[PDB]
Amino acid sequence: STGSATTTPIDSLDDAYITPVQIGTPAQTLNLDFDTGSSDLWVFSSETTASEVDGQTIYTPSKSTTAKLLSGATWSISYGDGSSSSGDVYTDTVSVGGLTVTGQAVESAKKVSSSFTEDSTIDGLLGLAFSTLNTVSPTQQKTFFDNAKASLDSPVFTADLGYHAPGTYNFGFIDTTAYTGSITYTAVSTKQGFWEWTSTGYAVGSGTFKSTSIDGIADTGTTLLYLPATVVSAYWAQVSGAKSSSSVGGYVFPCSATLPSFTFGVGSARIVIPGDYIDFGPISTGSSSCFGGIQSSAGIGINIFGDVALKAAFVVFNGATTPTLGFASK
């Protein structure tokens, strides 16, 4: 089997991407944030505290003839940005882009933190990291991809995120018309539960490529590119007036600037992030200070190849027995 679904930016900055997902019978379509940095499929629901729902579409398990409570199961998750959610668990039929999984754990939120409530466009998350990170207790549950894998034509999914435009998540096949040149694959470590890999270096603008190993994760659920302070300083030093602001929370730059590109290495290959992808706009409405799309990871503990980086590539998440990542230009 295969599936193919369009993913759409939630706003004009590409802060996140939503993908429609069919849950239950008859189908309830919710728009979920596909997140290769986590491993829970959770939704706003008829069980969510009413004051914490503000415009989201909810899953109502009592209206689904295929829903079943997973007795005793609870979940609770905290994300790197400080947001969180928790609740109980149903199994139900879940379909993405024509690919159907029966018996998928659908984690129904009883509580969500304010950042979720305040984002009316995201009805939940669909985790695509390794199932060892799933938070369901006392019996850990599998991701949608793990449940689908055996049925797929090939045990892969691909992320093709757009710049200020829709893109595609495909399951079970590699669309050879969706990228240019060849795909370069690179080894993955699953030791932390992430799609963790080692970039071979970077260049700033037209500068020389610096060969250096940068371990990090491919995370579609993180907006920006978080890299070591040395690398980030080298980038922003090429932008007149750019500076790191503790009060704002990262590097800012004059909105009048033209940003240089940023290149990252994948083996001997190179992925070029255009400068315009690194502009996240005014820090507040009407400001002439703009927020940078490349930020330091020094306070995170891990480097993160988020959407800024991934949307410059066609990315293969290869879930074979020995997982790998593939990157192509597009």
# chains A, B, ... in the order shown; residues from 1 in each chain; ligands from 1
>>> residues_around(residues="residue 115 of chain A", least_positions_apart="3", cutoff="10 Å", atoms="only C-alpha atoms", output="PDB file with N, CA, C and O atoms, in the first residue's frame")
ATOM      1  N   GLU A  52     -10.023  25.152  27.147  1.00  0.00           N
ATOM      2  CA  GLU A  52      -8.751  24.969  26.463  1.00  0.00           C
ATOM      3  C   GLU A  52      -8.928  24.669  24.984  1.00  0.00           C
ATOM      4  O   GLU A  52      -7.933  24.443  24.286  1.00  0.00           O
ATOM      5  N   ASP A  81       9.653  23.072  23.338  1.00  0.00           N
ATOM      6  CA  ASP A  81       9.267  24.472  23.453  1.00  0.00           C
ATOM      7  C   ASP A  81       8.539  24.784  24.752  1.00  0.00           C
ATOM      8  O   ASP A  81       8.093  25.920  24.937  1.00  0.00           O
ATOM      9  N   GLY A  82       8.399  23.812  25.649  1.00  0.00           N
ATOM     10  CA  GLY A  82       7.712  24.029  26.899  1.00  0.00           C
ATOM     11  C   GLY A  82       6.224  23.762  26.868  1.00  0.00           C
ATOM     12  O   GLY A  82       5.574  23.863  27.915  1.00  0.00           O
ATOM     13  N   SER A  83       5.660  23.429  25.707  1.00  0.00           N
ATOM     14  CA  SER A  83       4.250  23.086  25.626  1.00  0.00           C
ATOM     15  C   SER A  83       4.037  21.644  26.076  1.00  0.00           C
ATOM     16  O   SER A  83       4.979  20.858  26.199  1.00  0.00           O
ATOM     17  N   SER A  84       2.775  21.298  26.316  1.00  0.00           N
ATOM     18  CA  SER A  84       2.450  19.994  26.872  1.00  0.00           C
ATOM     19  C   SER A  84       0.979  19.674  26.637  1.00  0.00           C
ATOM     20  O   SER A  84       0.165  20.554  26.350  1.00  0.00           O
ATOM     21  N   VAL A 112      -4.528  20.545  27.444  1.00  0.00           N
ATOM     22  CA  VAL A 112      -3.484  21.043  26.560  1.00  0.00           C
ATOM     23  C   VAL A 112      -2.970  22.357  27.129  1.00  0.00           C
ATOM     24  O   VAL A 112      -3.706  23.096  27.788  1.00  0.00           O
ATOM     25  N   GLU A 118      -4.143  28.338  21.818  1.00  0.00           N
ATOM     26  CA  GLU A 118      -4.054  29.591  21.085  1.00  0.00           C
ATOM     27  C   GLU A 118      -3.849  29.395  19.596  1.00  0.00           C
ATOM     28  O   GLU A 118      -3.983  30.366  18.844  1.00  0.00           O
ATOM     29  N   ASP A 119      -3.543  28.187  19.151  1.00  0.00           N
ATOM     30  CA  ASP A 119      -3.343  27.911  17.733  1.00  0.00           C
ATOM     31  C   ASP A 119      -4.548  27.134  17.219  1.00  0.00           C
ATOM     32  O   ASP A 119      -4.608  25.911  17.325  1.00  0.00           O
ATOM     33  N   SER A 120      -5.505  27.857  16.654  1.00  0.00           N
ATOM     34  CA  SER A 120      -6.745  27.235  16.225  1.00  0.00           C
ATOM     35  C   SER A 120      -6.580  26.371  14.990  1.00  0.00           C
ATOM     36  O   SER A 120      -7.500  25.618  14.677  1.00  0.00           O
TER      37      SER A 120
END
>>> select_by_dssp(residues="segment 178-305 of chain A", states="strand (DSSP E or B)", output="PyMOL selection string")
chain A and resi 184-187+189+196-204+210-218+225-227+243-245+250-254+262-266+269-273+279-282+289-292+294-296+303-305
>>> residues_around(residues="residue 128 of chain A", least_positions_apart="3", cutoff="7 Å", atoms="only C-alpha atoms", output="mmCIF file with N, CA and C atoms, in the first residue's frame")
data_model
loop_
_atom_site.group_PDB
_atom_site.id
_atom_site.type_symbol
_atom_site.label_atom_id
_atom_site.label_comp_id
_atom_site.auth_asym_id
_atom_site.auth_seq_id
_atom_site.Cartn_x
_atom_site.Cartn_y
_atom_site.Cartn_z
ATOM 1 N N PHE A 34 2.329 16.891 11.511
ATOM 2 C CA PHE A 34 3.174 15.696 11.420
ATOM 3 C C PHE A 34 4.562 16.047 11.953
ATOM 4 N N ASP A 35 5.022 15.311 12.953
ATOM 5 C CA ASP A 35 6.174 15.711 13.762
ATOM 6 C C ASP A 35 7.176 14.563 13.832
ATOM 7 N N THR A 36 8.229 14.627 13.021
ATOM 8 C CA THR A 36 9.262 13.601 13.071
ATOM 9 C C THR A 36 10.139 13.682 14.312
ATOM 10 N N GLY A 37 9.895 14.640 15.206
ATOM 11 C CA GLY A 37 10.576 14.716 16.477
ATOM 12 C C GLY A 37 9.795 14.225 17.681
ATOM 13 N N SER A 38 8.648 13.590 17.488
ATOM 14 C CA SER A 38 7.917 12.988 18.599
ATOM 15 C C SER A 38 7.153 11.781 18.089
ATOM 16 N N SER A 39 6.513 11.056 19.021
ATOM 17 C CA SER A 39 6.012 9.727 18.685
ATOM 18 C C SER A 39 4.621 9.457 19.233
ATOM 19 N N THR A 143 3.706 4.269 16.578
ATOM 20 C CA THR A 143 3.312 5.359 15.703
ATOM 21 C C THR A 143 2.522 4.835 14.507
ATOM 22 N N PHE A 145 3.283 5.328 11.435
ATOM 23 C CA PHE A 145 4.227 4.758 10.473
ATOM 24 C C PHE A 145 4.635 3.350 10.875
#
>>> closest_residue(among="A:131, A:208, A:190, A:85", to="residue 324 of chain A", atoms="only C-alpha atoms")
A:190
>>> closest_residue(among="A:31, A:288, A:62, A:151", to="residue 16 of chain A", atoms="only C-alpha atoms")
A:31
>>> residues_around(residues="segment 63-71 of chain A", least_positions_apart="5", cutoff="7 Å", atoms="only C-alpha atoms", output="list in words")
residues 24, 25, 26, 89, 90, 91, 92 and 93 of chain A
>>> write_last_selection(atoms="C-alpha atoms", output="PDB file, in the first residue's frame")
ATOM      1  CA  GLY A  24     -12.882   6.885  13.004  1.00  0.00           C
ATOM      2  CA  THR A  25     -16.010   5.634  11.281  1.00  0.00           C
ATOM      3  CA  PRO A  26     -17.602   7.630   9.746  1.00  0.00           C
ATOM      4  CA  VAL A  89      -6.316   6.709  24.750  1.00  0.00           C
ATOM      5  CA  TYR A  90      -8.622   5.093  22.203  1.00  0.00           C
ATOM      6  CA  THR A  91      -7.821   2.768  19.359  1.00  0.00           C
ATOM      7  CA  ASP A  92      -9.486   3.617  16.068  1.00  0.00           C
ATOM      8  CA  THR A  93      -9.038   3.513  12.321  1.00  0.00           C
TER       9      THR A  93
END
>>> residues_around(residues="residue 75 of chain A", least_positions_apart="2", cutoff="8 Å", atoms="only C-alpha atoms", output="ChimeraX atom specification")
/A:73,77,86-89,107,135-137
>>> closest_residue(among="A:314, A:327, A:235, A:144", to="residue 177 of chain A", atoms="only C-alpha atoms")
A:314
